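Take a look at this single chain in structure tokens; it is the form deposited in one PDB entry.
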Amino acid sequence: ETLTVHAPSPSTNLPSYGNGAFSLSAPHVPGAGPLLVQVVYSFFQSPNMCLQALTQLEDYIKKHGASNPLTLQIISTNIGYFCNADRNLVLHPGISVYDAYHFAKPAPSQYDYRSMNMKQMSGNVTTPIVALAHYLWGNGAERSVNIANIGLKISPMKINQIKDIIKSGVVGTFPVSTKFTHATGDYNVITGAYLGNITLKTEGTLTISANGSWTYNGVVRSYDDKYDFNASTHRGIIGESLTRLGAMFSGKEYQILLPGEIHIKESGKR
């Protein structure tokens, strides 16, 4: 059935992401002249780097075959890069993905999943591949991403503050305490990929003035302790890539804790 991708390990990893034949790097913008680090840096910060890496895996698989030992090594190795990068991002929050990815320290090609895999994922753009890494090699171990790291964009207008706000037309200060489904994949292709639809609890204070202006000051944490990482829960185009890869390769579903709480200060006008 599904093919086993070897856990990244110095003993199985290729010397290089893409076996050096391809690299994760910013799109070739024709007529933009030489690719400069800023582009690439920004690219690495972007979800697109994650899409690209996965796209590259998928493309490599398309060209070479999923069961192709090199494909497997490339998947393992390339995903190791992401694991490595994500490790570095987890260890050093606030560093750019480009940095975590490229330096590195320890060499991404030396990435050893068994020894190095982390339960925590950065939530950064590397995360969906790491999440896939964990599917492949995680042996079903729970992972976590802190909810503060999953780039939640909460729109109170999409939560039961909506009711307080959206006509009701109540004025004043209202306790909010509600849960809501939150399709991270609606706006966050990274978080959507691996957390997709989450359920958040928010508790806070919705203040609405008579002019429709409202502020929601609240905490958001996950309503569910964890989320399954599997085909069904991925959302968004990166999620789809995980699904396709996850469908081809042996892995174990596992759950992703979404611990932590974010404080949100949202505002809008009715």
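Superpose the two forms; the largest set of C-alphas matching within 1.5 Å is the rigid core. Residue indices: 1-based, along the sequence shown.
One more form of this protein should be noted, the form deposited in another entry, which is absent from this view; the next part is about it.
Relative to the superposed rigid core, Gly140 undergoes a CA displacement smaller than 2 Å between this form and the one not shown. Comparing the forms between this form and the one not shown on their rigid core, the Cα displacement of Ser115 stays under 2 Å. In the core-superposed comparison between this form and the one not shown, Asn211 has its Cα shifted by at least 2 Å.
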